[PDB]
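# Summary of structural features
Letter by letter, the chains look like this.
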Amino acid sequence: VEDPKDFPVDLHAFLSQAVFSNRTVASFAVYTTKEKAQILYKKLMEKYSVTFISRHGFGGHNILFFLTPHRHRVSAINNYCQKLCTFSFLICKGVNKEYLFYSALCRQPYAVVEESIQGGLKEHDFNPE
């Protein structure tokens, strides 16, 4: 069983593929092992002063979703996360459709493991589609 090379395909519409873009953004996702995500949940929370972070389970792996008070390049966030990894896989992309992405991670086949605001994010926390 090979490690994933991208996020699951049911999330593709919500993610930015432009991983080398030098525009700064404020919503990110990471797909990695349960072990790395447990650690990164707290480390990213502190490093980037996140306004929200959640950790979700899928197929033996985890996905982190987080929002930041300041904008960052995806490559900077990826660089920080990759420092924890040698053999463990880790995919990091910007999230274009914040609430749609988070809400997909709160329905099967995904499960919320922990999140930083009690009750999570609300649809009304973002503009309507």
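Residues numbered from 1 in each chain as written, not as in the entry; some residues may be left out. Heavy atoms only, no water. Residues with missing side-chain atoms left out of burial classes, pairs and counts.

The deposited coordinates derive from X-ray crystallography, with the record listing a resolution of 1.315 Å.

The PDB entry lists the protein chain under the name Large T antigen, with JC polyomavirus given as the organism.

Looking now at the nonpolar core. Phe7, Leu11, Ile63, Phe65 and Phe101 are the most contacted members of the largest nonpolar core, which totals 21 residues. Mapped onto this core, the elements with two or more residues apiece are β1 (25-33), β3 (61-72) and α3 (98-104). In terms of residues, this core owes the most to one element, α3, which gives four residues. With 19 residues, the next largest nonpolar core counts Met45, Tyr48, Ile53 and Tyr80 among its residues. (Core = buried A, V, L, I, M, F, W, Y, C linked by side-chain atoms within 4.5 Å. Buried < 20%, exposed > 50% of the residue type's maximum accessible area, 1.4 Å probe, protein only. Helix = DSSP H or I, 4+ residues; strand = E, 2+ residues; numbered from the N terminus.)

Close approach of charged atoms allows side chains of opposite charge to pair. A full pass over the atoms with the stated rule returns five salt bridges. Put simply, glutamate 35 and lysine 34 hold a salt bridge, and the shortest N to O gap is 3.9 Å. We classify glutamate 35 as partly exposed; its relative accessible area is 44%. Note that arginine 55 and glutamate 114 form a salt bridge whose closest N and O atoms lie 2.8 Å from each other. A residue pair is termed long-range when its members are at least 10 positions apart, and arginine 55 in strand β2 (residues 52-58) and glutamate 114 in strand β5 (residues 111-115) qualify at 59 residues. A residue is classified by how much of its surface remains accessible, and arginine 55, at 8% relative accessible area, is buried. (Salt bridge = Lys/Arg side-chain N within 4 Å of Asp/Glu carboxyl O.)

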